[PDB]
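Take a look at this single chain in structure tokens; it is the form deposited in one PDB entry.
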């Protein structure tokens, strides 16, 4: 649901300021987060991949290979309002996008690739929200 996706999106972005400082990321990521759920907007900055990776790492959502930790993603999803089925469906998109995008040793570009694939799949479910406030803000 769009509603849940808004709540997940705002809770996922809350540490962005903390990641921006800590990783010295430029303001190039600002347009990607402001536009994250705008259908047809292409996210293409490498640093946004870095930012997303930092955000996941901070929510304990990553394993030591860099793939999603299913336990903590499920717990995150549930904490912000998804039921079991919606939570599993989101895990399955992320997991599907990890297997469907080309392996890349540059973790920031690979995380970007996962995130773009995830965004597209959420648009296809008609779950992308209309945000009044940007992710990260």
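Numbering follows the first chain given and starts at 1. By rigid core we mean the largest C-alpha set that fits within 1.5 Å across both forms.
Checklist entry - Of the two stretches 35 to 43 and 89 to 97, which shows the higher Cα B-factor on average in the entry? => result Taking the mean B-factor of the alpha carbons in each, 35 to 43 is higher.
Next on the checklist: Tell me which stretch, 110 to 118 or 11 to 19, has the higher mean Cα B-factor listed in the entry.
Outcome noted: Here the higher of the two C-alpha B-factor means belongs to 11 to 19.
Checklist entry - residue 49's Cα B-factor: lowest, middle or highest third of the chain? => result Within its chain, residue 49 is a lowest-third residue by C-alpha B-factor, going by the deposited values.
Next on the checklist: What third of the chain does residue 103 rank in for C-alpha temperature factor, lowest, middle or highest?
Outcome noted: Within its chain, residue 103 is a highest-third residue by C-alpha B-factor, going by the deposited values.
The discussion below concerns the form deposited in another entry, not included here.
Next on the checklist: Quick check for you: superpose on the rigid core, then look between the shown form and the other one for a C-alpha move of 2 Å or more. Which of 104, 89, 100, 67 is it?
Outcome noted: So the only displaced C-alpha belongs to 67.
Item to check | Core fit, then residue 79 C-alpha moves 2 Å or more between the shown form and the other one | outcome: Passes the 2 Å threshold, so yes.
Next on the checklist: Does residue 29 move appreciably between the shown form and the other one, meaning a CA displacement of 2 Å or more on the superposed rigid core?
Outcome noted: The answer is yes; the displacement is at least 2 Å.
Checklist entry - After fitting the rigid core, is the C-alpha of residue 128 off by 2 Å or more between the shown form and the other one? => result Yes, the C-alpha moves 2 Å or more.
Checklist entry - Your call: residue 127 and residue 48 CA atoms, closer or farther in the other entry versus the shown structure, by 3 Å or more? => result Between the C-alphas of residue 48 and residue 127, the gap widens in the other entry (3 Å or more compared with this form).
Item to check | CA-CA separation of residue 85 and residue 129, closer or farther in the other entry than in the form shown [shift of 3 angstroms or more] | outcome: Compared with this form, residue 129 and residue 85 lie closer in the other entry.
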